[PDB]
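Undergrad: Below: one structure in structure tokens.
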Amino acid sequence: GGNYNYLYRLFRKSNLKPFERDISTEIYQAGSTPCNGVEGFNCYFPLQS
Amino acid sequence: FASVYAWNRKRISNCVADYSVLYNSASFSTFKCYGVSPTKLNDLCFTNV
């Protein structure tokens, strides 16, 4: 099988309903104060290999 | 601060300290914690640190 073809979705703060599809492969940034105090930081990929 | 082989200890207890004022501070090179969500640090009580 693929060495890095399987990845999990490291995320929090938005507990989801049962049987919910989450394909939102989006960079986790806030663009406001609660991310290093500026926009574009703490913008780490939630996906982890 | 002393050397790594003689690193300095201190005991802290009976305090009311806020980590949010420190979490958003940008004067740190790296702040990564193991198994503890920083945003919830204000909602836990410990015996000492």
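By the numbers in Swiss-Prot, the shown part of chain A spans 446-494.
Including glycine, each Cβ sits where the backbone N, Cα and C put it.
From Swiss-Prot, for reference:
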DISULFID  A:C480-A:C488  disulfide bond
REGION    A:448-456  region 'Immunodominant HLA epitope recognized by the CD8+'
REGION    A:455-490  region 'Disordered'
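Give me the structural setting of these features: burial, nearby parts and distances.
TA: Non-local neighbourhood of A:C488 (disulfide bond): A:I472, A:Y473, A:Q474, A:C480, each in the same chain, at least six residues away, with C-beta under 8 Å from its C-beta. Look at A:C488 (disulfide bond): DSSP puts it in coil.
Secondary structure counts, DSSP: the region 'Immunodominant HLA epitope recognized by the CD8+' (A:448-456) has 0 helix, 2 strand, 7 coil.
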